[PDB]
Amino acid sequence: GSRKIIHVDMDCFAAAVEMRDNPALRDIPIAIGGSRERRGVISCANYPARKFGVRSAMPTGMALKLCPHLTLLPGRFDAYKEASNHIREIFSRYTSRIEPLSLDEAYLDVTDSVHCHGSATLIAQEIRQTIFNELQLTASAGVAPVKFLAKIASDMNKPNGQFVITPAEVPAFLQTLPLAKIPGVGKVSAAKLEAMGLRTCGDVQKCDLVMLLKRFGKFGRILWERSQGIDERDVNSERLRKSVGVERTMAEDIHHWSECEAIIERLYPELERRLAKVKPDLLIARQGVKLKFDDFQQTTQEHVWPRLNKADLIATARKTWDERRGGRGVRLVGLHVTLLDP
């Protein structure tokens, strides 16, 4: 049919929760990210900091080259987690059809709700307001007939605002929309479809689908469907965690197995505790390890295995350390585990 979707997105989420519990940071540049001593990167940044040009996923070295007086915080999870619990409860009051994406996001299908006389625009306005009133944080909304447009619109108005796209607005909206804003079209593909001349949807709309399944396979279909603004994906509230990882990047590389083993001794207890919260008996499907060398190439060894076992990890890492390092430094060691199927 024609549904009503509401992408809610907390505005620079982890930064906002810091500014509220510490109003001193309200107007001075702040970021959450690992310190440059540790080779970290920026998670999020307040608006005083984005002035300078600091964005998420930026190396901390560069965040300070463009904003020296940047206050760097490590980050507090629950403070973000507890806040993200509340917003989800607030969604619960309006629908049960809630697809949580990350901590600050949520797709909401409201097609079958009469909370605000069946107007998605108010329901969105309500959640944004009632989140503000009880958590003292601001949120932003995107209303659309489908999932990906509701998300694009949530960044449309950006800070403490919303943006609505009706089916009559859609065909014009997609003429000028660049492929890179379509969630799932990141840097590499954006660069590639453009080597073929395709920068906006409207360029793809005049293209052939037979060939787009040649050059891109399945991804060419998804591209083609939304360059057409078709998106059948349903708001699923049932998705579960499939895997639990713990990984670490160290200040200066390591070159000897004894060091790598010393790291594994310390990340295993965290992986145990984390997996305990979900499987108190530790039964799993596969476990494995992950190295990242200095040439940034990354390798994985993982094999079917019944229960989180410390000694098999050290074993498997050691074997990977031997036959795949080629005597390069390694900047990252990590442990992984794939959950059982239920």
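Each residue number is its position in the shown sequence, starting from 1.
**Student:** If you average the CA temperature factors over each stretch, which comes out higher, 73-81 or 261-269?
**Tutor:** Comparing 73-81 with 261-269, the higher average CA B-factor belongs to 73-81.
**Student:** Averaging only over Cα atoms, indicate whether 285-293 or 24-32 has the higher B-factor in the PDB entry.
**Tutor:** For C-alpha atoms only, the mean B-factor is higher in 24-32.
**Student:** Per the coordinate record, which of the options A172, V244, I152, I123 holds the highest CA temperature factor?
**Tutor:** Max CA B-factor in the entry, restricted to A172, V244, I152, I123: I123.
**Student:** In terms of CA temperature factor as recorded, identify the highest of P183, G197, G142, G229.
**Tutor:** Max CA B-factor in the entry, restricted to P183, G197, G142, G229: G197.
**Student:** For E134, return the chain-relative third of its C-alpha B-factor as stated in the PDB record: lowest, middle or highest.
**Tutor:** Top third by C-alpha B-factor.
**Student:** Which third of the chain does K147 land in by C-alpha B-factor: lowest, middle or highest?
**Tutor:** Lowest third.
**Student:** Taking the chain's C-alpha temperature factors as the reference, tell me which third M10 falls into: lowest, middle or highest.
**Tutor:** Answer is lowest: the recorded C-alpha B-factor places it there.
**Student:** Please place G329 in the lowest, middle or highest third of its chain according to the CA B-factor in the PDB entry.
**Tutor:** For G329, the deposited C-alpha B-factor lands in the middle third.
**Student:** Could you place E89 in the lowest, middle or highest third of its chain by Cα temperature factor, using the values in the record?
**Tutor:** CA B-factor rank for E89: highest third.
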